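Colleague: I'd like to ask some things about the structure below.
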Amino acid sequence: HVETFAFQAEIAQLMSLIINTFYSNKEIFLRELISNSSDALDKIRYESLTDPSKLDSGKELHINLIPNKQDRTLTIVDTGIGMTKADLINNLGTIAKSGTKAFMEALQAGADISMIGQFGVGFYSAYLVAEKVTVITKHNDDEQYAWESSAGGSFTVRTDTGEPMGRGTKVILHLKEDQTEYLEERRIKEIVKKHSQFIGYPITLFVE
Ligand SMILES: C#CCCCn1c(Cc2cc(OC)ccc2OC)nc2c(N)nc(F)nc21
């Protein structure tokens with residue numbers, strides 16, 4: 001079964017700002033997702049230092065960037081710590097509430113969209129370029145889930161029956177029709193080089 005959840009008002013509001021504000025420098029979404037993956041990889045690495053078995057679900061600590069013109073998706077895959085059901089439904093919302101408030105405050109003082117990551121809500125920059133985001137995630141202590149939202153005030157969570165991923169998180173960006181440049185190899189390489197060149201994990205850009 002699919003469960004449907006309301007975003008808290010603040011998140012819905014930040015999602016609408018991101019979708020509605022005129023802002024041409026959309027490419028920043030990518031480094032925010034990469035940065036999130038790098039935090040999650042840092043987290044499982046740290047946890048394995050005292051418990052090597054946290055890596056039984058996979059030892060490779062990496063990020064793949066997967067474009068698919070047929071589906072119109074750009075997928076960011078990591079083998080980081082992953083999110084539990086409790087994360088998806090409760091903790092993210094808690095974290096994202098305070099972070100939205102500070103971000104929205106900062107925008108008044110003429111901060112801009114590109115600083116979203118400093119407030120722990122960079123994930124929502126996905127909506128600069130994606131009409132829909134699907135997040136598939138697997139934590140050691142929990143089942144594989146799929147989160148999804150097209151914004152509009154709600155998100156769904158379900159257990160995922162797709163290919164098991166081991167451990168980690170995939171963020172599938174269903175791109176808007178006018179954002180297919182982010183399916184292009186040279187475009188992705190250009191962005192990664194400019195904003196993400198010093199990440200402490202291998203980034204593989206898949207080709208089609
Ligand atoms: C809990 C918490 C904060 C981190 C949540 N998170 C994020 C950020 C995030 C992910 C998300 O997915 C639906 C929704 C909101 C959101 O930010 C507030 N990306 C990842 C990721 N790649 N791997 C793991 F393990 N966790 C992630």
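For the structure tokens, the naming scheme is as follows: chains receive sequential letters (A, B, ...) according to their order of presentation, residues are indexed from 1 within each chain, and ligands are indexed from 1 in presentation order.
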Near residue 205 (chain A), counting only C-alpha atoms, which residues have an atom at most 8 Å away, once you skip same-chain residues fewer than 2 positions from it, shown as a PDB file with N, CA, C and O atoms, in the first residue's frame?

Modeller:
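Saved the output as around.pdb:
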ATOM      1  N   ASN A  64      27.110   7.438  -8.019  1.00  0.00           N
ATOM      2  CA  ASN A  64      26.908   7.332  -9.461  1.00  0.00           C
ATOM      3  C   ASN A  64      25.906   8.362  -9.945  1.00  0.00           C
ATOM      4  O   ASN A  64      24.899   8.651  -9.269  1.00  0.00           O
ATOM      5  N   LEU A  65      26.199   8.930 -11.112  1.00  0.00           N
ATOM      6  CA  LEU A  65      25.303   9.879 -11.765  1.00  0.00           C
ATOM      7  C   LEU A  65      24.793   9.225 -13.030  1.00  0.00           C
ATOM      8  O   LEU A  65      25.565   8.939 -13.929  1.00  0.00           O
ATOM      9  N   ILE A  66      23.488   8.984 -13.088  1.00  0.00           N
ATOM     10  CA  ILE A  66      22.887   8.193 -14.161  1.00  0.00           C
ATOM     11  C   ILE A  66      21.798   8.943 -14.918  1.00  0.00           C
ATOM     12  O   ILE A  66      20.677   9.115 -14.406  1.00  0.00           O
ATOM     13  N   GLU A 185      25.933  14.650 -21.137  1.00  0.00           N
ATOM     14  CA  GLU A 185      27.227  14.340 -20.529  1.00  0.00           C
ATOM     15  C   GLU A 185      28.085  15.596 -20.291  1.00  0.00           C
ATOM     16  O   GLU A 185      28.584  15.811 -19.180  1.00  0.00           O
ATOM     17  N   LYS A 189      29.264  16.986 -16.614  1.00  0.00           N
ATOM     18  CA  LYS A 189      30.719  17.103 -16.350  1.00  0.00           C
ATOM     19  C   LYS A 189      31.104  18.536 -16.006  1.00  0.00           C
ATOM     20  O   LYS A 189      31.839  18.762 -15.042  1.00  0.00           O
ATOM     21  N   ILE A 203      32.989   9.684  -8.024  1.00  0.00           N
ATOM     22  CA  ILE A 203      31.757   9.990  -8.706  1.00  0.00           C
ATOM     23  C   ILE A 203      31.902   9.398 -10.109  1.00  0.00           C
ATOM     24  O   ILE A 203      32.775   9.817 -10.880  1.00  0.00           O
ATOM     25  N   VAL A 207      27.364   6.830 -18.910  1.00  0.00           N
ATOM     26  CA  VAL A 207      27.017   7.312 -20.241  1.00  0.00           C
ATOM     27  C   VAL A 207      25.833   6.520 -20.792  1.00  0.00           C
ATOM     28  O   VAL A 207      25.528   5.443 -20.299  1.00  0.00           O
TER      29      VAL A 207
END

Colleague: Tell me, counting only C-alpha atoms and all ligand atoms, for each residue of chain A within 9 Å of ligand 1, which pair of atoms is nearest and how far apart they are in Å to one decimal, in rows ordered by chain and increasing number, as JSON lines.

Modeller:
{"residue": "A:32", "atom": "CA", "partner": "ligand 1", "partner_atom_place_in_ligand_line": "8 (C)", "distance": 8.9}
{"residue": "A:33", "atom": "CA", "partner": "ligand 1", "partner_atom_place_in_ligand_line": "19 (N)", "distance": 6.7}
{"residue": "A:34", "atom": "CA", "partner": "ligand 1", "partner_atom_place_in_ligand_line": "22 (N)", "distance": 7.6}
{"residue": "A:35", "atom": "CA", "partner": "ligand 1", "partner_atom_place_in_ligand_line": "22 (N)", "distance": 8.1}
{"residue": "A:36", "atom": "CA", "partner": "ligand 1", "partner_atom_place_in_ligand_line": "19 (N)", "distance": 4.6}
{"residue": "A:37", "atom": "CA", "partner": "ligand 1", "partner_atom_place_in_ligand_line": "22 (N)", "distance": 3.9}
{"residue": "A:38", "atom": "CA", "partner": "ligand 1", "partner_atom_place_in_ligand_line": "22 (N)", "distance": 7.5}
{"residue": "A:39", "atom": "CA", "partner": "ligand 1", "partner_atom_place_in_ligand_line": "23 (N)", "distance": 7.3}
{"residue": "A:40", "atom": "CA", "partner": "ligand 1", "partner_atom_place_in_ligand_line": "25 (F)", "distance": 4.6}
{"residue": "A:41", "atom": "CA", "partner": "ligand 1", "partner_atom_place_in_ligand_line": "23 (N)", "distance": 7.6}
{"residue": "A:43", "atom": "CA", "partner": "ligand 1", "partner_atom_place_in_ligand_line": "25 (F)", "distance": 8.0}
{"residue": "A:44", "atom": "CA", "partner": "ligand 1", "partner_atom_place_in_ligand_line": "25 (F)", "distance": 8.6}
{"residue": "A:76", "atom": "CA", "partner": "ligand 1", "partner_atom_place_in_ligand_line": "22 (N)", "distance": 8.2}
{"residue": "A:77", "atom": "CA", "partner": "ligand 1", "partner_atom_place_in_ligand_line": "22 (N)", "distance": 7.6}
{"residue": "A:78", "atom": "CA", "partner": "ligand 1", "partner_atom_place_in_ligand_line": "22 (N)", "distance": 6.3}
{"residue": "A:79", "atom": "CA", "partner": "ligand 1", "partner_atom_place_in_ligand_line": "23 (N)", "distance": 8.2}
{"residue": "A:80", "atom": "CA", "partner": "ligand 1", "partner_atom_place_in_ligand_line": "25 (F)", "distance": 5.8}
{"residue": "A:81", "atom": "CA", "partner": "ligand 1", "partner_atom_place_in_ligand_line": "25 (F)", "distance": 4.6}
{"residue": "A:82", "atom": "CA", "partner": "ligand 1", "partner_atom_place_in_ligand_line": "25 (F)", "distance": 3.5}
{"residue": "A:83", "atom": "CA", "partner": "ligand 1", "partner_atom_place_in_ligand_line": "25 (F)", "distance": 4.8}
{"residue": "A:84", "atom": "CA", "partner": "ligand 1", "partner_atom_place_in_ligand_line": "1 (C)", "distance": 8.3}
{"residue": "A:86", "atom": "CA", "partner": "ligand 1", "partner_atom_place_in_ligand_line": "1 (C)", "distance": 8.5}
{"residue": "A:87", "atom": "CA", "partner": "ligand 1", "partner_atom_place_in_ligand_line": "1 (C)", "distance": 4.9}
{"residue": "A:88", "atom": "CA", "partner": "ligand 1", "partner_atom_place_in_ligand_line": "13 (C)", "distance": 6.2}
{"residue": "A:90", "atom": "CA", "partner": "ligand 1", "partner_atom_place_in_ligand_line": "1 (C)", "distance": 8.7}
{"residue": "A:91", "atom": "CA", "partner": "ligand 1", "partner_atom_place_in_ligand_line": "1 (C)", "distance": 5.5}
{"residue": "A:92", "atom": "CA", "partner": "ligand 1", "partner_atom_place_in_ligand_line": "1 (C)", "distance": 4.9}
{"residue": "A:93", "atom": "CA", "partner": "ligand 1", "partner_atom_place_in_ligand_line": "18 (C)", "distance": 7.2}
{"residue": "A:94", "atom": "CA", "partner": "ligand 1", "partner_atom_place_in_ligand_line": "18 (C)", "distance": 8.7}
{"residue": "A:95", "atom": "CA", "partner": "ligand 1", "partner_atom_place_in_ligand_line": "18 (C)", "distance": 6.2}
{"residue": "A:96", "atom": "CA", "partner": "ligand 1", "partner_atom_place_in_ligand_line": "18 (C)", "distance": 4.9}
{"residue": "A:97", "atom": "CA", "partner": "ligand 1", "partner_atom_place_in_ligand_line": "18 (C)", "distance": 8.8}
{"residue": "A:99", "atom": "CA", "partner": "ligand 1", "partner_atom_place_in_ligand_line": "18 (C)", "distance": 8.1}
{"residue": "A:120", "atom": "CA", "partner": "ligand 1", "partner_atom_place_in_ligand_line": "18 (C)", "distance": 5.9}
{"residue": "A:121", "atom": "CA", "partner": "ligand 1", "partner_atom_place_in_ligand_line": "18 (C)", "distance": 4.5}
{"residue": "A:122", "atom": "CA", "partner": "ligand 1", "partner_atom_place_in_ligand_line": "17 (O)", "distance": 6.4}
{"residue": "A:123", "atom": "CA", "partner": "ligand 1", "partner_atom_place_in_ligand_line": "17 (O)", "distance": 4.8}
{"residue": "A:124", "atom": "CA", "partner": "ligand 1", "partner_atom_place_in_ligand_line": "15 (C)", "distance": 6.7}
{"residue": "A:133", "atom": "CA", "partner": "ligand 1", "partner_atom_place_in_ligand_line": "13 (C)", "distance": 8.1}
{"residue": "A:134", "atom": "CA", "partner": "ligand 1", "partner_atom_place_in_ligand_line": "13 (C)", "distance": 7.5}
{"residue": "A:135", "atom": "CA", "partner": "ligand 1", "partner_atom_place_in_ligand_line": "13 (C)", "distance": 5.4}
{"residue": "A:136", "atom": "CA", "partner": "ligand 1", "partner_atom_place_in_ligand_line": "13 (C)", "distance": 8.2}
{"residue": "A:137", "atom": "CA", "partner": "ligand 1", "partner_atom_place_in_ligand_line": "25 (F)", "distance": 7.6}
{"residue": "A:138", "atom": "CA", "partner": "ligand 1", "partner_atom_place_in_ligand_line": "25 (F)", "distance": 8.3}
{"residue": "A:139", "atom": "CA", "partner": "ligand 1", "partner_atom_place_in_ligand_line": "25 (F)", "distance": 7.5}
{"residue": "A:146", "atom": "CA", "partner": "ligand 1", "partner_atom_place_in_ligand_line": "13 (C)", "distance": 8.6}
{"residue": "A:147", "atom": "CA", "partner": "ligand 1", "partner_atom_place_in_ligand_line": "13 (C)", "distance": 5.7}
{"residue": "A:148", "atom": "CA", "partner": "ligand 1", "partner_atom_place_in_ligand_line": "13 (C)", "distance": 7.0}
{"residue": "A:149", "atom": "CA", "partner": "ligand 1", "partner_atom_place_in_ligand_line": "13 (C)", "distance": 8.3}
{"residue": "A:155", "atom": "CA", "partner": "ligand 1", "partner_atom_place_in_ligand_line": "13 (C)", "distance": 8.9}
{"residue": "A:168", "atom": "CA", "partner": "ligand 1", "partner_atom_place_in_ligand_line": "25 (F)", "distance": 6.3}
{"residue": "A:169", "atom": "CA", "partner": "ligand 1", "partner_atom_place_in_ligand_line": "22 (N)", "distance": 5.2}
{"residue": "A:170", "atom": "CA", "partner": "ligand 1", "partner_atom_place_in_ligand_line": "22 (N)", "distance": 7.0}
{"residue": "A:171", "atom": "CA", "partner": "ligand 1", "partner_atom_place_in_ligand_line": "22 (N)", "distance": 7.4}

Colleague: As an exercise, work out the distance from CA of residue 191 (chain A) to CA of residue 42 (chain A) in Å and give it to one decimal place.

Modeller: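 These two atoms are separated by 22.2 Å.
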
Colleague: Can you pull out every residue from region 44-124 of chain A that DSSP, working from the backbone, puts in helix (DSSP H, G or I), and format the result as number ranges by chain?

Modeller: A: 44-50, 52-55, 85-106, 113-119, 122-124

Colleague: Using backbone DSSP assignments, extract all strand (DSSP E) residues from region 21-198 of chain A; output them as number ranges by chain.

Modeller: A: 63-68, 73-78, 130-138, 144-149, 154-159, 168-175

Colleague: Could you list, as a PyMOL selection string, every residue within 12 Å of residue 22 (chain A), counting only C-alpha atoms and ignoring same-chain residues fewer than 3 positions away?

Modeller: chain A and resi 16-19+25-26+112-113+128

Colleague: So, counting only C-alpha atoms, which residue among A:188, A:172, A:2, A:183 is closest to residue 126 (chain A)?

Modeller: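 The shortest atom-to-atom distance to residue 126 (chain A) comes from A:172.
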
Colleague: Just want the 7 Å neighbourhood of region 151-154 of chain A, counted on only C-alpha atoms, with same-chain residues fewer than 2 positions away dropped. Output as a ChimeraX atom specification.

Modeller: /A:4-7,12,15,149,156

Colleague: Would you output that residue set with N, CA, C and O atoms, as an mmCIF file, in the first residue's frame?

Modeller:
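Listed below is the output, part_14.cif:
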data_model
loop_
_atom_site.group_PDB
_atom_site.id
_atom_site.type_symbol
_atom_site.label_atom_id
_atom_site.label_comp_id
_atom_site.auth_asym_id
_atom_site.auth_seq_id
_atom_site.Cartn_x
_atom_site.Cartn_y
_atom_site.Cartn_z
ATOM 1 N N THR A 4 -0.042 8.330 1.971
ATOM 2 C CA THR A 4 0.044 9.756 1.586
ATOM 3 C C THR A 4 0.182 10.707 2.798
ATOM 4 O O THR A 4 -0.597 10.638 3.745
ATOM 5 N N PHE A 5 1.214 11.557 2.787
ATOM 6 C CA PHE A 5 1.492 12.470 3.909
ATOM 7 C C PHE A 5 1.460 13.940 3.451
ATOM 8 O O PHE A 5 1.938 14.263 2.366
ATOM 9 N N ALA A 6 0.935 14.821 4.291
ATOM 10 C CA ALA A 6 1.041 16.258 4.068
ATOM 11 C C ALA A 6 2.436 16.742 4.493
ATOM 12 O O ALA A 6 2.952 16.307 5.515
ATOM 13 N N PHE A 7 3.064 17.602 3.694
ATOM 14 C CA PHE A 7 4.258 18.283 4.153
ATOM 15 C C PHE A 7 3.739 19.245 5.185
ATOM 16 O O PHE A 7 2.645 19.749 5.047
ATOM 17 N N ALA A 12 6.088 23.004 2.411
ATOM 18 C CA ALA A 12 5.248 23.193 1.242
ATOM 19 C C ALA A 12 5.520 24.583 0.683
ATOM 20 O O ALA A 12 5.603 24.791 -0.526
ATOM 21 N N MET A 15 8.968 24.660 -0.913
ATOM 22 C CA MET A 15 8.798 24.014 -2.224
ATOM 23 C C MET A 15 8.162 24.949 -3.256
ATOM 24 O O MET A 15 8.648 25.044 -4.378
ATOM 25 N N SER A 149 7.425 12.774 -4.393
ATOM 26 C CA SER A 149 6.585 13.953 -4.390
ATOM 27 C C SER A 149 6.681 14.767 -5.688
ATOM 28 O O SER A 149 7.789 14.971 -6.260
ATOM 29 N N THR A 156 4.384 10.692 -0.891
ATOM 30 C CA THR A 156 3.960 9.359 -0.505
ATOM 31 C C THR A 156 5.197 8.562 -0.116
ATOM 32 O O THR A 156 6.302 8.887 -0.544
#

Colleague: Using only C-alpha atoms, which of the listed residues (A:164, A:127, A:184, A:143) sits closest to residue 23 (chain A)?

Modeller: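 Smallest distance to residue 23 (chain A) is found for A:127.
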